[PDB]
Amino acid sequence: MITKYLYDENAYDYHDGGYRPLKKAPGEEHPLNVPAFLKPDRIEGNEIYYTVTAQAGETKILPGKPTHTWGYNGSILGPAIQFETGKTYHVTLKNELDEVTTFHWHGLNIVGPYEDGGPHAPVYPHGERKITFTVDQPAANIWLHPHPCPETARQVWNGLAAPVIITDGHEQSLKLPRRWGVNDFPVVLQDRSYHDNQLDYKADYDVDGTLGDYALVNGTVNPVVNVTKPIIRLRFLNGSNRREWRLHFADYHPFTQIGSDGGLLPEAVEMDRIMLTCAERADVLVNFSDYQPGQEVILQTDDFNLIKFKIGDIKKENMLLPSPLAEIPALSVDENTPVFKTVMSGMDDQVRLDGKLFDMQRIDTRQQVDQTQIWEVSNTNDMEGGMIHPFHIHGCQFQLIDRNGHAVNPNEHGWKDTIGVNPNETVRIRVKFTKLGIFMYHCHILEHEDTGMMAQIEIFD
């Protein structure tokens, strides 16, 4: 059982001068918002048609005035979007905002740079963009967020993000907690400050990554979950601009991680804490069968109360998973397997990828399709006052080899698309790109990304 946070304590977010801790949001406690699933516009057998509109609205978060928020098909965040492996999807992307945006599917394997929804894929105000893809990757917790250069940090701050679920035959075979909103929860973790009961990104802006005073979970404050059934699935996503989340129950109740960014783990991992850098997902099961019907269990990040689990008339149930949990195909790495070294350096405004800022017309690397590649990703920052950069690659899922030549963390034997790189650390990963086109890689601290800590790979035959 993992009893440690698996990232270097020396480099955590709370060591920075100008680090602002979470504080209690005012008003009554609310039941956790669970977004309803996006309904298909039309289903011609095996082909599904979705419409996703970026739009401004008003959300009751704090008591008093409603907050002016941006959302997808709603006032804030978006609906749950279900994809199935094998199915083909025709998505209409509509921009009903008064500025340019983009529709990036973080963790989806699709052609770039237009289908992918990078900064080369603008949708102009009152504009329409139709895309077509076939989902061909395992069941995973994925997400959609705007990705225009360099307005990404602000557009996510204003509320544009949506949890996305890929499901497959195998994941359904496990018979996990499936009752959406009772058994099975999306937990989108965000942090926002309010003045006038309103968002103001310019006011709160930090170059080194913007922090919020109040914890936003699925766009609700002071969230509560009423445990009907004892075994509950929590699909954690760190949707924050910069803030790391060090999740644990107040009494360090154990829980089981079953999923990473790119699908189910090969084996279930028991633990009593977990740390998520930006854009990382953790799929965990919690057995509340342990507690009595009248009790209250509080989920915390550090010493801050995040979400209260009010246990109701619960019936005893033993939580048993298979070993192995899932079969992950190993990528074959031989002696003539090409290596590519990328160096994350600098902090605040001095942040660089291989010493360069992002240019939309410059291709930084070129790699071959369907041939597995090794990547040495290095964080050059000083272990003294350094920073954990969450490194992400578009249009793929990769496997870890080592962290500084040593063994990989217990929750990284599966598929990932973003990894936290500690100061003075070089991570070894192997990746086989399946789709042709131009793809981006960058730090997933949205202010570092906006500054230009981003580069482009072309994939060719």
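Note that residue numbering follows the sequence shown and begins at 1.
Trainee: Tell me which of 313-321 and 217-225 has the higher mean C-alpha B-factor in the deposited entry.
Mentor: Higher mean C-alpha B-factor in the PDB entry: 313-321.
Trainee: For the stretches 237-245 and 340-348, which has the higher mean C-alpha B-factor as given in the deposited record?
Mentor: Higher mean C-alpha B-factor: 340-348.
Trainee: Highest Cα temperature factor in the entry, among the options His30, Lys416, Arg430, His413: which one is it?
Mentor: The C-alpha B-factor peaks, among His30, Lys416, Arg430, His413, at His30.
Trainee: Among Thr101, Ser289, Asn158, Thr256, which carries the highest Cα B-factor?
Mentor: Each of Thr101, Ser289, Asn158, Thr256 was compared by C-alpha B-factor; the highest is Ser289.
Trainee: If you rank the chain by CA B-factor, which third does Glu447 end up in: lowest, middle or highest?
Mentor: Lowest third, going by the recorded CA B-factors of the chain.
Trainee: Could you look up the Cα B-factor of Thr69 in the entry and say which third of the chain it sits in: lowest, middle or highest?
Mentor: Middle third of the chain for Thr69's C-alpha B-factor.
Trainee: Ordered by C-alpha B-factor within the chain, which third holds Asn381? Give me lowest, middle or highest, please.
Mentor: Highest third, going by the recorded CA B-factors of the chain.
Trainee: Taking the C-alpha B-factors as the PDB entry records them, is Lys130 in the lowest, middle or highest third of its chain?
Mentor: Tercile = middle for this residue's CA B-factor.
Trainee: Please place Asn141 in the lowest, middle or highest third of its chain by C-alpha B factor as given in the entry.
Mentor: CA B-factor rank for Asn141: lowest third.
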